[PDB]
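Close look at the chain arrangement
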Amino acid sequence: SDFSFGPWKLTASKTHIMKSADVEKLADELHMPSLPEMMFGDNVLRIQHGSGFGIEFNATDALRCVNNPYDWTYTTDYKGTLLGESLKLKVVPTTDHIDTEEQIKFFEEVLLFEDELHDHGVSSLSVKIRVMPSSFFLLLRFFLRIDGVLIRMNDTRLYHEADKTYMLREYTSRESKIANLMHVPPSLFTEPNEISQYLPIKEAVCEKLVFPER
């Protein structure tokens, strides 16, 4: 299930969970004791150029950004994997915010991992992309609720418009202790596009991915 638009190539695969002994193997290769219950070690969302350069998302790469007594939450600040050889996107800092304020030509949502934290909450990494006639927008979201104690959300928004020679990658981290949210219905701890807006932004980074020349 793939798509192409002008200079761009979009590859995706949505598979199932890895084998049960298969991950004790990869748990060793990443050097940490446990992997999420549901490990889509084959799912990928990739966007590339006709000059090799581009960026992908997978759960193996994302999990190498979990700290290393370990992080049984699997909180990750992974922001994609750059592609290409001899021609790659360079990461420069910038002032350009992505203010999300237009018709959809293509869309898919790829799930990367999930874990239910021994039935005490949820921990999830997913990615969407909507492609449009003039641009494409993309969102890698880590979500974490621990039942009745806190919620954390790490979003990586990625955006590119046709005749700009750069994309924009915007990282935000939100977090709140749950006992600090007065009068929010419990359904909202399960709707992450709803609650996102009522949590404090702890961190925010804004880079610009300048393209190679020729």
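Structure report, in brief.

**Re the environment of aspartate 96**
With respect to the helices, strands and loops of the structure, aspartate 96 is situated in the loop between strand 7 (90–93) and strand 8 (106–115). Separated by 21 residues in sequence, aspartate 96 and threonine 75 place their C-alpha atoms 26 Å apart. In contact with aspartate 96, other than residues within four places in its own chain, are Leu168, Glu170, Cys206 and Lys208. Only 3.3 Å separates the side chain of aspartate 96 from the side chain of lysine 208, close enough to count as a polar contact.

**Regarding the nonpolar core**
Counting residues in hydrophobic clusters, the biggest one holds 42 residues, and the most contacted among them are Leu45, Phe57, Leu63, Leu112, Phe113 and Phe136. Beyond its immediate chain neighbours, meaning those up to four positions away, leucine 45 contacts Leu10, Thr11, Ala12, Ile55, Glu56, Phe57, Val110, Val127, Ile129 and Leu138. One finds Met153, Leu181, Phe189 and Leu199 within the second-largest nonpolar core, a separate group that totals nine residues.

**What to know about the sheet that holds strand 9 (residues 121–131)**
Overall, antiparallel pairing links the eight strands, which are arranged 3-8-9-10-11-12-13-7 in an open sheet. Across the chains shown, the open sheet's two edge strands, defined by having one partner strand only, are strand 3 (38–39) and strand 7. Here strand 8 pairs with strand 9 via nine bridges, running antiparallel. Each residue of the ladder has a partner; that of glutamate 108, found in strand 9, is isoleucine 129.

**A closer look at the pattern of salt bridges**
If you walk through the whole model with that rule in mind, you get nine salt bridges. For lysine 128, the salt bridge goes to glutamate 109, with nearest N and O atoms at 3.9 Å. On the criterion of sequence distance, the pair formed by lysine 128 in strand 9 and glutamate 109 in strand 8 is long-range, its members being 19 residues apart. For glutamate 109, a relative accessible area of 34% gives the class partly exposed. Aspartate 147 serves as the salt-bridge partner of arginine 145, at 2.5 Å between the closest nitrogen and oxygen. Under the relative-accessibility criterion, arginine 145 is labelled buried at 14%.

**Description of the side chain of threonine 76**
Summarising the element assignment, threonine 76 is placed in the loop between helix 2 (59–63) and strand 6 (81–83). Of the polar contacts made by the side chain of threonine 76, one reaches the backbone oxygen of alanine 62; its length is 2.8 Å.

**Some points on unusual backbone geometry**
The phi dihedral of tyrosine 74 falls on the positive side, at around 60°, and the residue is not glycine. The topology assignment puts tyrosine 74 in the loop between helix 2 and strand 6. The phi dihedral of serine 86 falls on the positive side, at around 65°, and the residue is not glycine. Note that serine 86 resides in the loop between strand 6 and strand 7.

Calculation criteria
Residues numbered from 1 in each chain as written, not as in the entry; some residues may be left out. Heavy atoms only, no water. Helix = DSSP H or I, 4+ residues; strand = E, 2+ residues; numbered from the N terminus. Contact = heavy atoms within 4.5 Å. Polar contact = N/O pair within 3.5 Å; in protein donor to acceptor, adjacent residues only side chain to side chain. Core = buried A, V, L, I, M, F, W, Y, C linked by side-chain atoms within 4.5 Å. Buried < 20%, exposed > 50% of the residue type's maximum accessible area, 1.4 Å probe, protein only. Pairing = 2+ DSSP bridges. Salt bridge = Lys/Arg side-chain N within 4 Å of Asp/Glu carboxyl O.

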